[PDB]
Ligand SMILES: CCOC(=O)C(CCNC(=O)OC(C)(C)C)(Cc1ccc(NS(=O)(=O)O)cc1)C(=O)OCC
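This document starts with one chain, in the form deposited without this ligand, laid out as structure tokens.
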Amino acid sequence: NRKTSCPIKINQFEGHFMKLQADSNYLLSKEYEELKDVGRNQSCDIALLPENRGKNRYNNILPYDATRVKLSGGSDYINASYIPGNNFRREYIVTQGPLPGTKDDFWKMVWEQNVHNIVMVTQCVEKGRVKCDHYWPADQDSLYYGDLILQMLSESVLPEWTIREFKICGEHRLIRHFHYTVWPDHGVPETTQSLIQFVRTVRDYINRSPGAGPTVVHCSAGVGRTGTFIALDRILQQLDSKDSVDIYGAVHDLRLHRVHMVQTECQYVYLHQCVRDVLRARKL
């Protein structure tokens, strides 16, 4: 019944987006609403097992059984999902912000899945409410996380993001961690340029890690902000390699694999604004 893709010629995108925004977002809202039920036929029965309750930050934001990531051993559960990219079916893992009680699980996943790049698009605390544990070391001294030892080699705090490098050893690898630090507590970032430049930076590093497993992306719940980051990564790659861009199809594909991947119309609009602004700047 529903469209799975809405490709737009790059030179028609500005006017396409204007058409969507016309009349108080009349058509934009219609297109966005077509995505509403994507993926929603899937269950989350494993995440709901009593043994797993304490492992979910939010008891109503859970991975689908079909696409969840499994930890080795006899407690396999983590609140994390495999997500496709432009390039590969399991190009990302989306997860919640680790809890104090699940940070060892998070690091275990990072080790087992051969992760080399982690993207974080939440603060640990937002207006005094905890959103994510500070699940990495505070300084350069080593610490265990479960059966792994981790050392933070460097921490570089820049105006809109912070980049850390960790050395990890389990049963040695360098991991980079990209922490975007200007996402407002509510709504979308206040400029397009900030997130565009952050995504470009991360994508540069991912491209230099051709051996790596999935890129991990998280916010507090692993929901809209994470979906918006991944959708933007996918769409900007399209702008660099193709004559068409398919924001609708990117969001559709993400929603097939985890709930709330791009979760507000505002985020959907923001993705279109980013693409618009990239194309406008080109024409400089």
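Only residues modelled in both forms are compared. We number the residues from 1 along the sequence you see. Here the rigid core means the biggest group of C-alpha atoms that line up within 1.5 Å when the two forms are laid on top of each other.
The same protein also has a form deposited with this ligand bound, omitted here; what follows describes it.
Find out whether any non-hydrogen atom of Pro63 is located within 4.5 angstroms of this ligand in the entry with it bound, and reply yes or no. Outside the cut-off, so no.
Considering only heavy atoms, tell me if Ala221 and this ligand come within 4.5 Å of each other in the entry with it bound. Heavy-atom contact with this ligand at 4.5 Å: present for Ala221.
Within 4.5 Å, heavy atoms only: does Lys131 come near this ligand in the entry with it bound? It does: once this ligand is placed as it appears in the entry with it bound, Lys131 has a heavy atom within 4.5 Å of it.
Residue-level question: is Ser244 within 4.5 Å of this ligand in the entry with it bound, judged on heavy atoms? It does not: once this ligand is placed as it appears in the entry with it bound, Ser244 has no heavy atom within 4.5 Å of it.
Taking 4.5 Å between heavy atoms as the contact cutoff, choose which of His186, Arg89, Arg208, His172 touches this ligand in the entry with it bound. Result of the distance check: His186.
Can all three of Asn59, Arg225 and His260 be found with a heavy atom no more than 4.5 Å from this ligand in the entry with it bound? Every residue of the candidate spot has a heavy atom within 4.5 Å of this ligand in the entry with it bound.
Okay, which stretch from 178-186, 144-152, 160-168, 108-116 lines this ligand in the entry with it bound, with non-hydrogen atoms inside 4.5 Å? Single hit among the candidates: 178-186.
What parts move between this form and the one not shown when you lay the two on the core: runs of 3+ residues, each CA off by 2 Å or more? Segments displaced between this form and the one not shown after core fit: 84-89, 184-186.
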